[PDB]
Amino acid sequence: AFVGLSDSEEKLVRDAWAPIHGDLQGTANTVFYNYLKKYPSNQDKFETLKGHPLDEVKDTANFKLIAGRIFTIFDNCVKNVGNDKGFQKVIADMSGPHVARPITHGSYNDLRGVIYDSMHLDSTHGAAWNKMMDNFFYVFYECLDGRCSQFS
């Protein structure tokens, strides 16, 4: 389900993300590398990376484009944490190209964990961060299964 956050929880989310916000491309490159290294089955999902050793593709503009675009979305969700409909819209618009793509909830959840582990959050910030991410994944999965118009 979608469960709204308090203004304190909204604030904890912004604070949690702030080191990443100030280094979005850098952090994105590292997390995306770490995700494809830990969960290598996912690399084939990207036609542009398919068939290359990960270490050969990690320094390409294209790899960094892919990693950066993920982080831009989360940046925009964090910016919209206080606006349910605007947070939902960010997700709705990015969900479209993932629809009917053969990516499991497991592969998405695996990326979520790599992001989490990278942030080294204390439990107060982690709790607020997980409320936001639970909302993100609720919206995202509803949209993947053709129930996106509900958030309009």
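Whichever C-alpha set is largest while still superposing within 1.5 Å between the two forms counts as the rigid core. When you see a residue number, it is the position in the sequence shown, counting from 1.
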Which stretch is less alike in 8 other deposited structures of this protein, 110 to 118 or 94 to 102, counting RMS CA distance after the rigid core is superposed?
94 to 102
Once you work out the mean C-alpha B-factor for both 8 to 16 and 127 to 135 from the entry, which is higher?
8 to 16
Which is higher in the entry, the mean Cα B factor of 28 to 36 or that of 43 to 51?
43 to 51
Candidate residues 67, 121, 115, 100, the one whose C-alpha B factor the record puts highest:
100
Pull the Cα B-factor of residue 105 out of the PDB entry and bin it into the chain's lowest, middle or highest third.
lowest
